[PDB]
Amino acid sequence: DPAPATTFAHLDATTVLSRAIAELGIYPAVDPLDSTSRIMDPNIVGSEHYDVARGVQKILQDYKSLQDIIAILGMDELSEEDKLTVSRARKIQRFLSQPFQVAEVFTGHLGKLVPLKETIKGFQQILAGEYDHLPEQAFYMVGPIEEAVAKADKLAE
Amino acid sequence: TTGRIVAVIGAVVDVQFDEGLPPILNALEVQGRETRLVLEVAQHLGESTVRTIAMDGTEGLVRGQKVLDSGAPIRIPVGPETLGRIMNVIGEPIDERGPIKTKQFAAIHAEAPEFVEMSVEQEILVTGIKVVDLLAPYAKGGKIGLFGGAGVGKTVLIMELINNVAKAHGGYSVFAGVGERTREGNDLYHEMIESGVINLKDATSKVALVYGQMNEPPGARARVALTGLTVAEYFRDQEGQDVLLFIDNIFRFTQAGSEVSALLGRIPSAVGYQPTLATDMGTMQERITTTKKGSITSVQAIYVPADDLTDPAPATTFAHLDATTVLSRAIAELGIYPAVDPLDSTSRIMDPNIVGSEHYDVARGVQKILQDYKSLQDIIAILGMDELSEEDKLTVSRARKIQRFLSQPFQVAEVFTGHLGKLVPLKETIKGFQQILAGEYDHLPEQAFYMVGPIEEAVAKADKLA
Amino acid sequence: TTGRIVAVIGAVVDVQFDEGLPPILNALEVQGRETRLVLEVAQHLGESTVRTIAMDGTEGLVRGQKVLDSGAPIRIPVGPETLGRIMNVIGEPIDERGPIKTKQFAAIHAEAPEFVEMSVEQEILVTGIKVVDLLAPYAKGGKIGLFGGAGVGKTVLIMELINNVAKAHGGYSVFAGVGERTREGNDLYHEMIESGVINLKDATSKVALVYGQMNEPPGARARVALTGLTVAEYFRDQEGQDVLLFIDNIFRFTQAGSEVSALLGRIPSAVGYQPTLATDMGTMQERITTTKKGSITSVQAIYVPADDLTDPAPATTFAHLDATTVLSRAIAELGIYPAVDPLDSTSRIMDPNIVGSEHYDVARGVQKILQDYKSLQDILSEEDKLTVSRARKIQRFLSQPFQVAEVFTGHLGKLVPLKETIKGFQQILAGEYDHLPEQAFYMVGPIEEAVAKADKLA
Amino acid sequence: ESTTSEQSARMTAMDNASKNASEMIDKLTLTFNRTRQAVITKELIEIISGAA
Amino acid sequence: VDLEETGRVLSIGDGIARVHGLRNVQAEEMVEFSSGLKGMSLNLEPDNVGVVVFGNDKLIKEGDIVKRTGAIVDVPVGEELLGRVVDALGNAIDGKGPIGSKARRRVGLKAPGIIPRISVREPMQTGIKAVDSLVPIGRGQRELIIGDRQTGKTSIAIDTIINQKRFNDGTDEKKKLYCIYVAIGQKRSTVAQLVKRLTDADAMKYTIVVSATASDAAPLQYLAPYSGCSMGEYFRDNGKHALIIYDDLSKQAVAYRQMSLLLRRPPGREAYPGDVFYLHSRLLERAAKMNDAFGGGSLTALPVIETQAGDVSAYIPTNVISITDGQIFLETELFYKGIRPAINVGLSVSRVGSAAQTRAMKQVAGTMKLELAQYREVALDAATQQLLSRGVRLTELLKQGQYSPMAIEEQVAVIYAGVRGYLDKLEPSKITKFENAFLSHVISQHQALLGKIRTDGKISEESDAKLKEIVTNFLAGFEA
Amino acid sequence: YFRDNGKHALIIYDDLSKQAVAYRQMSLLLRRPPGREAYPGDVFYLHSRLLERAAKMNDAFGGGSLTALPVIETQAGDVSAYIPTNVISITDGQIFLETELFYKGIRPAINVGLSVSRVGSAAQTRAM
Amino acid sequence: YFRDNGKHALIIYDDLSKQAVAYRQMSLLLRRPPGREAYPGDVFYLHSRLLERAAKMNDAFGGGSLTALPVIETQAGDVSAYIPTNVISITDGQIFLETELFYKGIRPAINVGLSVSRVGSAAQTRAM
Ligand SMILES: Nc1ncnc2c1ncn2[C@@H]1O[C@H](COP(=O)(O)OP(=O)(O)NP(=O)(O)O)[C@@H](O)[C@H]1O
Ligand SMILES: Nc1ncnc2c1ncn2[C@@H]1O[C@H](COP(=O)(O)OP(=O)(O)NP(=O)(O)O)[C@@H](O)[C@H]1O
Ligand SMILES: [Mg+2]
Ligand SMILES: [Mg+2]
């Protein structure tokens, strides 16, 4: 639409929200494959930050491209490498969701603020397969990665 | 007094008056024509000049040609002697049987019945058509709409209803042909003479006919529905009797309006339509109604441009109806006739407190299984039925049998189906679909359920196969 | 008579005349400007004023500037002297070689031949190219859609066509660059010089060039196809020839028409095209036909917008086409040249009634055996093995060395007569050469050379 | 016996699926292009109506 | 000078001339330009007359004199036009000299109402097996021919025209069918090739060709169908029977859309005007069957519509389907497979033709209709093995070459063999070969049976038993 | 009236799609040039000024309220359309109903993910 | 200046989409007739006049050159919109960039299958 389309060029950082994502209960409904920043540069944020960010985007784009194929032909048709990227991607999608303090009236969860250090570490570990054994939902609507571990323990009994 | 033509473009004629200006809606008479040419005042343009809409062709008109004010809107014969007769938009006999000597005339513009005049009576009208009776039943004195794209089955359906309802009905009928085939009018007229519902020798006719077909210019096609309504209004009010009103096809009213609007120079609305589409439709539709004074059971065939139900014409028509029968080309192409979309046809009396819980439950049960089948179409179209779970295969098999049991041979469509027409009692319709849903016929082949009447015929058909 | 400019809005110029107005389509000459500025009358606006479309830029124009009515539509040089030359839409030389010294000039707007002038005779225009002549033959007076982008040997095919039609029949060619990229207009010109179809030293040139370059106003690009048509019409209607007309690109002819219609304030039709889309196309295309005097046959490079074959532009153009030549990257990468897809290219005159019974059968046999070979690619028996080796030899015998690519390669280019082509593929289908090797059929002319290529290399 | 039947049946079903996919690609491409053209036409009619 | 009978062009350049004067001109009157072009008075306004020009507007200039003719747009009509090729105005374009026609009809005349008509009852025989058996056409009917480019649409029309030779060589004017072929938007070469074909088949002598081709101005293409229709109505209203083909109405609608956008009328779907339905409705309504009091004549119409990619649900296709009395649908996929004519049986419909089918055909075709409807879902257990075996052989009988339309009794004989089960033991690939061998046998040997079926219009028990023996004895004789 | 006198009222607008259509007619006939979908340039403002008048009043103004339930009809279930998103962009949430859900037996036919409330738990009893 | 003095220059137009938008503003406000996407009929002509000025000169005219790299922004990958279509047709080739390649890790996000250079091999060294 001409109004938002013309606005993009005036910005240094863009956070693009998506109804397709909000509809899933993923809040904030940020499209990780359509949000950009001038400072997303290894020389500015450092190689660790940049590598994890690009790694997260890659796994999510790989999953997005697979979703439609697996919806028709089935999960069992995927190679072990593909279904590993599926399960990790779905955990990554969930770990991007977060309870906001201003959204407590909507979520029923206490708001959380996550330090950048903890954000990088958390996604690093998921990407590295360190939580392959944990259920999907443990990663949904939490703050730091320690809460996902605690939630996984709580989800057992 | 007298006016003079100052401008002509198609159906739109501007006329200047020297003394006394006709009010909007007045019928003007063009002087010197071989057959009566009526102009209806639409607007006052200023400078003693009016803009009018012609009720017949404007070829041969000259600037300066004299026009007289009749002092009234178009007035037509109304009463018992319209029965057995055919009239045009302006109430002229078009059946070569001489004058229509009614005792009264009526203007074709009347105001809609007021809110205080409304009836809340909701009684089922059983049609004997399985899809309709089961899922979206018609009501006595109710407004029924038959939606369909080109060639899908609107007219066959309205003709079957005339066959199933009118004979069981005790009163008068009015058929308005609006922008449809002239030869369809010829067929209907002569078939009514043959059957005797029109009698040329006696006063025993039960049907009045009004026609303005697709050979007519748009002014005539825009107004002829009002002519039909006016005839029905008389029978409803001045006789307080049960009236049936059949209109084929009401879309043509709105299309004709679009043609004139383009000639009136209005700024166009969406899809090139007249900006007045909805109000024009409302002022007309609100007259097609039952009142405390008398009953009109109305059935209107509704054409759907390019099969697009979101087109402003059909889209605006929905809210004017108590029951809707929506036909589908995809369904017709699968061989299911009548080509009713069972998930897009509705009725206000589809209510457990009205039709009883048994009727309601079977209807909703049928619709659930059909919807469950529908939202598997994506996967089925690619991989076929053999990939589905046993659970989903069961729902597909029953839904396909239900789809087929919803088809029915019409008395009117015998040449096309090759089968004798069938009329099914409501209780038998309920029972048949009840048994299918219960899985009582899971063992029977799907084709057994195709083009039958009652469920017993599906059993007998399967027995002949195996 | 002399008029005066009363309006200038982009490439649209209004002119007032004191006496008789110039008819629609008349060329007007703007007075007092360095180069030549032609305005074509499009409308009579009333009050002695006409609306015109400019053939060049309108900058520097002043209201009141004098404008001369020429008395006719745009008139261009026609005759033998156009051959080897490059002219623009208004007939000016643009190759810096001086005036095009014809003894006749002709109006670019000319009515299509009348009903009584029509020929019912359906005749194959023999190109001498095996893929084309056998499977998707050209019809005299017909229109051929040329498909494929670049890198598929388009220009070499074009140059060989010009070479062959002049050599076999004795008919000349006309190339109309409609929306020509100036760089590619230069390349084509120098490639034609190298191939010999244009000769700068004598009068043996086989093509006349007409360029309407991309940086020219809508009016110029819209009319340049007509200019090319008019050059071709001379060779037909005055010299009784079977003429070839190339139009590169037909979509850019449509596009320029849409732009002109837009500039004149005409309300766009479906998909933004001019309301006159079909008549703009028809008045041009109908001039390409077989008459009693001769024929103009046209090869028209087709761009399909959005790869949508139902788009109004290609859909309207397709109504006028009698054949297709599909140039394919897949055929090119297999080393087969010309890179013509032998299954995708079709012709309306591939009929046992129009072409010979011998022509139809062999061509149908070549089609079947190439489709059956593709069917057996997925998977053989003795009958299947026989059909595979036959088809692979047919794939190669469809390839051809071109006369135009002789200095570049060194390999002798070949023009193959029609009956030599038919009997060549006939002798392969019958299995008469399944006794001989496969690659002896690659890059040769007449079948006698494929036998000799097996006789020499045994 | 089972694997001979299973491999034949998979070959069969996938042949038909690939055919159904082909027909759906054509059907969808046609819907795409009708919509593509309609969007352009509709936008233009709104522009023309506003200008007139 | 005479501002009542004459006027001067004020402006010209959007297909419309604005003319000052002409004070006495009628709405829809033909006017004449100085150059010799004709025009129609469309818009009568206080200060000017808007004139639609039936030719190239280059030939009209501001200041040109325009004259009244006093006549609502009309065309010559009559038998003098038979054998001739004319433009949209009815002027000869074949170089064969003057056309003698004295009478004229208004091109815009409204179709007959309800009372002058009677139900279609008389066969309009195409000579095409697929059509005459499964999609029968009656005299007075409108039957749409619809399909993608190059699917065989025109060929249906041409074979139908050629077919009428057998009736037209007779002396009974009631059985005769005079033909009108309207070319709209076509290539001139295509029309020329068409007349050549008709001439070779001795069909041109009972045919009028009206042509407004791709290079003719849009108003001429707009006009052509109406002009041809008036030439057809001459026969309809003279107690005779005419057949008209509009080839094609898609191109006419495009021409009208050009005119309408240039007039700045508000566009809708695909930029078509709101009266585009009415454009075709008023035209096709004029094909009609008249009652005996009106002379008993008829005009049958075969309008042609071109689809994009088989889409019959588009605006113009649906418009014409909502006008005509059924359609013959030609399908690219079938044409590609070599099925010719490429008629989709299941999707084709005749709404009124069954009453206009001979009893002879009604018999064998009704059971073929049934046997094909039972084949369009099975396309192995013995119950469905017979349904498939019969359906493929019947489909082979529906194949037909061009330019040799068949007598109805010859059609009834070939269909008889497949329906009664005289092809079941023969292989599907050899049915086509059998049919032609069987047809030459019945023509050469048994004229008495073919003549009797033709006269009676029915297969009686004597005819059925006699035909039973012939096919049995030929089947035993037919080897390879 | 109720709102400004310490009372509570609920208002239903059934429906605003039809109001927009009536307003479009008036505007086109006043010769005000059309915008998107032939609706007037300020079709948003038509609904936004109406719906803003639904409000909760502080105790100084009586503590009264007016709650609005406007109704919008979609075509083919497109919640993401022009006029729908116009009105979604005014209200404090929406209840989105679908035919698919309706016939599946999901009645009321509410799509949970696509429906929202912009007030949330603040409008609920502690029990709920 | 460099081109005409025997030197070589490279020009980047970043971007021509925005230039077209500015020209459209002027044309519409001058009440010139709108076309597809409200652009005027001379919008092709705008860009073709500009881009044809990039040229390689022969030795007779100094042997200089001007190379152009115009930039076009598409919307949701629509390379068939009006302005993209124009500039695609004008140029000698295109480098197509795509969002899903970018996020897959294909950076630069060039679609190698769709991108083309009609000059091709003529512009490469023997080593390449
Ligand atoms: N029954 C038939 N058997 C064999 N060939 C046929 C038959 N009918 C038509 N054809 C051929 O098919 C081709 C196309 O037929 P035609 O009758 O031109 O269809 P069309 O749809 O009118 N074409 P167009 O108007 O150009 O889009 C012609 O070459 C015919 O000779
Ligand atoms: N109930 C039915 N049973 C069998 N065939 C049917 C039925 N309804 C329609 N058809 C077929 O469809 C054709 C058209 O039916 P009809 O009721 O005239 O459709 P319509 O929607 O009124 N068409 P139109 O008025 O042209 O938009 C018939 O001639 C039949 O061939
Ligand atoms: Mg109907
Ligand atoms: Mg044709």
# chains A, B, ... in the order shown; residues from 1 in each chain; ligands from 1
>>> residues_around(residues="residue 46 in chain F", least_positions_apart="3", cutoff="10 Å", atoms="only C-alpha atoms", output="list in words")
residues 16, 19, 20, 23, 40, 41, 42, 43, 49, 50 and 51 of chain F
>>> write_last_selection(atoms="N, CA, C and O atoms", output="compact mmCIF listing (two decimals), in the first residue's frame")
# COMPACT_ATOMS: atom_id res chain seq x y z
N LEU F 16 -22.99 -1.20 9.79
CA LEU F 16 -22.26 -0.03 9.27
C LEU F 16 -21.85 -0.13 7.81
O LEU F 16 -21.53 0.88 7.18
N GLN F 19 -24.72 1.56 6.11
CA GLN F 19 -24.60 3.02 6.31
C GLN F 19 -23.55 3.62 5.37
O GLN F 19 -23.78 4.70 4.80
N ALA F 20 -22.42 2.94 5.20
CA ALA F 20 -21.37 3.41 4.29
C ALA F 20 -21.87 3.48 2.85
O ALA F 20 -21.53 4.41 2.10
N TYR F 23 -24.20 6.51 2.52
CA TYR F 23 -23.33 7.70 2.51
C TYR F 23 -22.58 7.84 1.18
O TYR F 23 -22.43 8.94 0.67
N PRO F 40 -16.49 7.60 -0.44
CA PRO F 40 -15.97 8.96 -0.35
C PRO F 40 -14.63 8.99 0.38
O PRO F 40 -14.34 8.08 1.17
N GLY F 41 -13.82 10.01 0.11
CA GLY F 41 -12.46 10.10 0.65
C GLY F 41 -12.37 9.97 2.16
O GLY F 41 -11.36 9.52 2.70
N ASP F 42 -13.45 10.36 2.84
CA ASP F 42 -13.52 10.35 4.29
C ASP F 42 -14.55 9.34 4.81
O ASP F 42 -15.35 9.65 5.70
N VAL F 43 -14.54 8.14 4.25
CA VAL F 43 -15.41 7.06 4.71
C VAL F 43 -14.96 6.54 6.10
O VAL F 43 -15.78 6.10 6.90
N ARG F 49 -15.94 9.06 13.84
CA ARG F 49 -16.61 10.08 14.66
C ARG F 49 -17.82 9.50 15.42
O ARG F 49 -18.09 9.90 16.55
N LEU F 50 -18.52 8.56 14.79
CA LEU F 50 -19.64 7.86 15.42
C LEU F 50 -19.19 6.99 16.60
O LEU F 50 -19.77 7.05 17.69
N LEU F 51 -18.17 6.18 16.35
CA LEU F 51 -17.74 5.17 17.32
C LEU F 51 -16.94 5.74 18.50
O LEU F 51 -16.94 5.15 19.58
>>> residues_near_ligand(ligand="ligand 4", cutoff="7 Å", atoms="only C-alpha atoms and all ligand atoms", output="list in words")
residues 150, 152, 153, 154 and 247 of chain E
>>> write_last_selection(atoms="N, CA and C atoms", output="mmCIF file, in the first residue's frame")
data_model
loop_
_atom_site.group_PDB
_atom_site.id
_atom_site.type_symbol
_atom_site.label_atom_id
_atom_site.label_comp_id
_atom_site.auth_asym_id
_atom_site.auth_seq_id
_atom_site.Cartn_x
_atom_site.Cartn_y
_atom_site.Cartn_z
ATOM 1 N N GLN E 150 -8.782 -21.553 -32.153
ATOM 2 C CA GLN E 150 -8.394 -22.730 -32.946
ATOM 3 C C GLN E 150 -8.881 -24.081 -32.393
ATOM 4 N N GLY E 152 -12.001 -25.317 -33.491
ATOM 5 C CA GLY E 152 -12.921 -25.836 -34.510
ATOM 6 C C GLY E 152 -14.272 -25.132 -34.584
ATOM 7 N N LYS E 153 -14.359 -23.932 -34.014
ATOM 8 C CA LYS E 153 -15.642 -23.211 -33.911
ATOM 9 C C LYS E 153 -16.265 -22.893 -35.278
ATOM 10 N N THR E 154 -15.510 -22.203 -36.131
ATOM 11 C CA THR E 154 -15.978 -21.831 -37.473
ATOM 12 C C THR E 154 -16.341 -23.054 -38.304
ATOM 13 N N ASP E 247 -19.725 -14.625 -36.267
ATOM 14 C CA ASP E 247 -18.358 -15.111 -36.070
ATOM 15 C C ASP E 247 -17.340 -13.959 -36.036
#
>>> atom_distance(atom1="CA of residue 287 in chain C", atom2="CA of residue 39 in chain C")
23.6 Å
>>> residues_near_ligand(ligand="ligand 3", cutoff="10 Å", atoms="only C-alpha atoms and all ligand atoms", output="ChimeraX atom specification")
/B:148-159,179-181,184,248-249,301-303 /E:321-323,325
>>> residues_around(residues="range 102-110 of chain C", least_positions_apart="4", cutoff="7 Å", atoms="only C-alpha atoms", output="ChimeraX atom specification")
/C:73-79,81,226-227,230
>>> write_last_selection(atoms="N, CA, C and O atoms", output="PDB file, in the first residue's frame")
ATOM      1  N   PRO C  73      -0.160  12.344 -45.368  1.00  0.00           N
ATOM      2  CA  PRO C  73       0.479  11.681 -44.231  1.00  0.00           C
ATOM      3  C   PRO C  73       1.995  11.621 -44.414  1.00  0.00           C
ATOM      4  O   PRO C  73       2.505  11.999 -45.475  1.00  0.00           O
ATOM      5  N   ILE C  74       2.706  11.169 -43.382  1.00  0.00           N
ATOM      6  CA  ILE C  74       4.153  10.994 -43.463  1.00  0.00           C
ATOM      7  C   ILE C  74       4.485  10.199 -44.726  1.00  0.00           C
ATOM      8  O   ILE C  74       3.901   9.138 -44.971  1.00  0.00           O
ATOM      9  N   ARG C  75       5.386  10.750 -45.539  1.00  0.00           N
ATOM     10  CA  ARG C  75       5.824  10.114 -46.783  1.00  0.00           C
ATOM     11  C   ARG C  75       7.310   9.788 -46.742  1.00  0.00           C
ATOM     12  O   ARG C  75       8.139  10.640 -46.404  1.00  0.00           O
ATOM     13  N   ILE C  76       7.637   8.545 -47.091  1.00  0.00           N
ATOM     14  CA  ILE C  76       9.002   8.023 -46.949  1.00  0.00           C
ATOM     15  C   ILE C  76       9.556   7.479 -48.274  1.00  0.00           C
ATOM     16  O   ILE C  76       8.778   7.110 -49.161  1.00  0.00           O
ATOM     17  N   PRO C  77      10.899   7.449 -48.423  1.00  0.00           N
ATOM     18  CA  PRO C  77      11.525   6.877 -49.620  1.00  0.00           C
ATOM     19  C   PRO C  77      11.200   5.393 -49.786  1.00  0.00           C
ATOM     20  O   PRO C  77      11.339   4.616 -48.840  1.00  0.00           O
ATOM     21  N   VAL C  78      10.753   5.019 -50.982  1.00  0.00           N
ATOM     22  CA  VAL C  78      10.500   3.618 -51.319  1.00  0.00           C
ATOM     23  C   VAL C  78      11.209   3.260 -52.622  1.00  0.00           C
ATOM     24  O   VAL C  78      11.205   4.041 -53.575  1.00  0.00           O
ATOM     25  N   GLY C  79      11.814   2.080 -52.657  1.00  0.00           N
ATOM     26  CA  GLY C  79      12.514   1.612 -53.847  1.00  0.00           C
ATOM     27  C   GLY C  79      13.720   0.757 -53.526  1.00  0.00           C
ATOM     28  O   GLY C  79      13.978   0.465 -52.361  1.00  0.00           O
ATOM     29  N   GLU C  81      16.767   1.557 -53.554  1.00  0.00           N
ATOM     30  CA  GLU C  81      17.777   2.342 -52.845  1.00  0.00           C
ATOM     31  C   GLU C  81      17.621   2.335 -51.324  1.00  0.00           C
ATOM     32  O   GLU C  81      18.477   2.856 -50.612  1.00  0.00           O
ATOM     33  N   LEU C 226       4.632   0.881 -39.405  1.00  0.00           N
ATOM     34  CA  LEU C 226       3.976   1.308 -40.638  1.00  0.00           C
ATOM     35  C   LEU C 226       4.983   1.760 -41.685  1.00  0.00           C
ATOM     36  O   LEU C 226       4.820   1.467 -42.869  1.00  0.00           O
ATOM     37  N   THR C 227       6.022   2.473 -41.245  1.00  0.00           N
ATOM     38  CA  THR C 227       7.098   2.901 -42.137  1.00  0.00           C
ATOM     39  C   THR C 227       7.759   1.680 -42.787  1.00  0.00           C
ATOM     40  O   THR C 227       7.929   1.640 -44.003  1.00  0.00           O
ATOM     41  N   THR C 230       5.529   0.056 -45.305  1.00  0.00           N
ATOM     42  CA  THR C 230       5.447   0.838 -46.537  1.00  0.00           C
ATOM     43  C   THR C 230       6.632   0.546 -47.469  1.00  0.00           C
ATOM     44  O   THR C 230       6.463   0.469 -48.694  1.00  0.00           O
TER      45      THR C 230
END
>>> interface_residues(of="chain C", to="chain G", cutoff="6 Å", atoms="only C-alpha atoms", output="PyMOL selection string")
chain C and resi 214-215+259+262-263+265+272+306
>>> residues_near_ligand(ligand="ligand 1", cutoff="7 Å", atoms="only C-alpha atoms and all ligand atoms", output="short mmCIF file (atom, residue, chain, number, x, y, z; two decimals) with N, CA, C and O atoms, in the first residue's frame")
data_model
loop_
_atom_site.label_atom_id
_atom_site.label_comp_id
_atom_site.auth_asym_id
_atom_site.auth_seq_id
_atom_site.Cartn_x
_atom_site.Cartn_y
_atom_site.Cartn_z
N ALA C 319 -4.29 -13.73 -32.71
CA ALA C 319 -5.36 -13.81 -33.70
C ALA C 319 -4.85 -13.65 -35.14
O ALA C 319 -5.48 -14.13 -36.08
N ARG C 348 -0.06 -23.37 -39.18
CA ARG C 348 -1.42 -23.63 -39.65
C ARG C 348 -1.47 -24.32 -41.01
O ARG C 348 -2.46 -24.97 -41.35
N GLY E 147 -15.57 -21.73 -27.30
CA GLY E 147 -14.30 -22.41 -27.05
C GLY E 147 -13.11 -21.50 -27.28
O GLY E 147 -13.25 -20.37 -27.76
N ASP E 148 -11.93 -22.00 -26.91
CA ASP E 148 -10.67 -21.27 -27.08
C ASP E 148 -10.36 -21.08 -28.57
O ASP E 148 -11.00 -21.69 -29.43
N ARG E 149 -9.36 -20.25 -28.86
CA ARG E 149 -8.91 -20.07 -30.23
C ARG E 149 -8.50 -21.41 -30.86
O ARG E 149 -7.98 -22.29 -30.16
N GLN E 150 -8.78 -21.55 -32.15
CA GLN E 150 -8.39 -22.73 -32.95
C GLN E 150 -8.88 -24.08 -32.39
O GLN E 150 -8.14 -25.07 -32.40
N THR E 151 -10.13 -24.12 -31.93
CA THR E 151 -10.72 -25.35 -31.40
C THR E 151 -11.75 -25.97 -32.35
O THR E 151 -12.31 -27.03 -32.06
N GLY E 152 -12.00 -25.32 -33.49
CA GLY E 152 -12.92 -25.84 -34.51
C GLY E 152 -14.27 -25.13 -34.58
O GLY E 152 -15.23 -25.67 -35.16
N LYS E 153 -14.36 -23.93 -34.01
CA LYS E 153 -15.64 -23.21 -33.91
C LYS E 153 -16.27 -22.89 -35.28
O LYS E 153 -17.40 -23.30 -35.56
N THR E 154 -15.51 -22.20 -36.13
CA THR E 154 -15.98 -21.83 -37.47
C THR E 154 -16.34 -23.05 -38.30
O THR E 154 -17.31 -23.02 -39.07
N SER E 155 -15.56 -24.13 -38.15
CA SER E 155 -15.81 -25.37 -38.88
C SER E 155 -17.20 -25.96 -38.62
O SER E 155 -17.79 -26.54 -39.52
N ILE E 156 -17.70 -25.82 -37.40
CA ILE E 156 -19.07 -26.25 -37.08
C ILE E 156 -20.05 -25.50 -37.98
O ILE E 156 -20.90 -26.11 -38.64
N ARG E 340 -11.97 -34.87 -32.92
CA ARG E 340 -12.54 -33.87 -33.82
C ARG E 340 -13.83 -34.36 -34.45
O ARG E 340 -13.86 -35.44 -35.03
N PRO E 341 -14.92 -33.56 -34.34
CA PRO E 341 -14.96 -32.26 -33.65
C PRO E 341 -14.71 -32.38 -32.15
O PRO E 341 -15.10 -33.37 -31.53
N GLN E 400 -15.42 -37.05 -36.71
CA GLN E 400 -15.89 -36.70 -38.05
C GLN E 400 -14.91 -35.76 -38.73
O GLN E 400 -14.36 -34.85 -38.11
N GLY E 401 -14.70 -35.98 -40.02
CA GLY E 401 -13.90 -35.07 -40.84
C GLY E 401 -14.70 -33.83 -41.23
O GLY E 401 -15.91 -33.75 -40.99
N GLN E 402 -14.01 -32.88 -41.84
CA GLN E 402 -14.61 -31.64 -42.32
C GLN E 402 -15.20 -31.78 -43.72
O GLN E 402 -14.83 -32.69 -44.47
#
>>> residues_around(residues="range 232-242 of chain B", least_positions_apart="3", cutoff="12 Å", atoms="only C-alpha atoms", output="ChimeraX atom specification")
/B:76-83,102,104-113,117,140-142,166,169-176,206-210,225-229,245-247,286-298
>>> residues_around(residues="residue 314 in chain C", least_positions_apart="3", cutoff="10 Å", atoms="only C-alpha atoms", output="tab-separated table (two decimals) with C-alpha atoms, in the first residue's frame")
chain	number	residue	atom	x	y	z
C	145	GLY	CA	5.43	-15.36	-33.95
C	250	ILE	CA	5.33	-6.47	-31.77
C	251	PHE	CA	4.61	-5.87	-28.08
C	254	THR	CA	1.23	-2.27	-28.88
C	302	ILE	CA	6.80	-11.74	-29.43
C	303	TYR	CA	7.14	-10.58	-25.85
C	304	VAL	CA	4.51	-12.05	-23.52
C	305	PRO	CA	3.86	-9.69	-20.58
C	307	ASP	CA	4.24	-14.71	-19.04
C	308	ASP	CA	0.44	-14.46	-19.37
C	309	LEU	CA	-0.71	-15.75	-22.77
C	310	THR	CA	-4.23	-14.52	-21.99
C	311	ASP	CA	-2.95	-10.93	-21.57
C	317	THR	CA	-1.61	-10.52	-31.62
C	318	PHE	CA	-2.17	-14.31	-31.65
C	319	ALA	CA	-5.36	-13.81	-33.70
>>> select_by_dssp(residues="range 259-359 of chain E", states="strand (DSSP E or B)", output="PyMOL selection string")
chain E and resi 267+273+289-290+298-306+326-330+343+349-350
>>> closest_residue(among="D:12, D:7, D:31, D:20", to="chain B", atoms="only C-alpha atoms")
D:20
>>> closest_atom_pairs(of="chain G", to="chain A", cutoff="9 Å", atoms="only C-alpha atoms", output="CSV")
residue,atom,partner,partner_atom,distance
G:75,CA,A:5,CA,8.2
G:99,CA,A:33,CA,8.4
G:100,CA,A:61,CA,6.9
G:101,CA,A:61,CA,8.8
G:102,CA,A:58,CA,8.8
G:103,CA,A:58,CA,5.5
G:104,CA,A:58,CA,4.7
G:105,CA,A:58,CA,6.1
